[PDB]
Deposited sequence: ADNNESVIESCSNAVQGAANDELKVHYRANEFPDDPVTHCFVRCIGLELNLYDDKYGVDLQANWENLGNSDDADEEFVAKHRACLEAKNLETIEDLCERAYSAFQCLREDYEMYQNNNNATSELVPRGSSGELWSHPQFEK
């Protein structure tokens, strides 16, 4: 939502940038250090993500336009994707969050073009 985008742009060094914020409002998140931290911030603020517990797959399922329990294959597929990214070995917390969310890119893009289950318990 608008509020979280604005607050995260202030919380993250470099993120209060006109050009970057045009991307963010368009659900476009480039692979750069500022955006890494921005994506982490949004994930934390919306409780979609946690540095320790990773991606809340149920919260993300709900953020993809659903109100029910996540499909089992959605949970399985993303648990496996996230495990394959060896997130615990990524020292930079922003890079870690950005890498984690790459697993859900296809889902968010499909949802956008149409309009707890922590991965690391």
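Gaps in the coordinates relative to the deposited sequence fall at 1-3, 119-131, 138-141.
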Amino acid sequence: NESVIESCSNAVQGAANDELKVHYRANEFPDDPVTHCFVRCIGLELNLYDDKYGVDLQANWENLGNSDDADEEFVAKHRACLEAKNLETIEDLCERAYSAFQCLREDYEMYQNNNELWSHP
From here on, numbers count along this sequence of modelled residues.
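Averaged over their C-alpha atoms, the temperature factors of 72-80 and 29-37 are higher for 29-37.
Legend: mean Cα B-factor per stretch from the PDB entry, 14-22 versus 98-106; the higher mean is in 14-22. Sorting the modelled residues of the chain by their CA temperature factor places residue 65 in the highest third. The PDB entry assigns residue 4 a C-alpha temperature factor belonging to the middle third of its chain's modelled residues.
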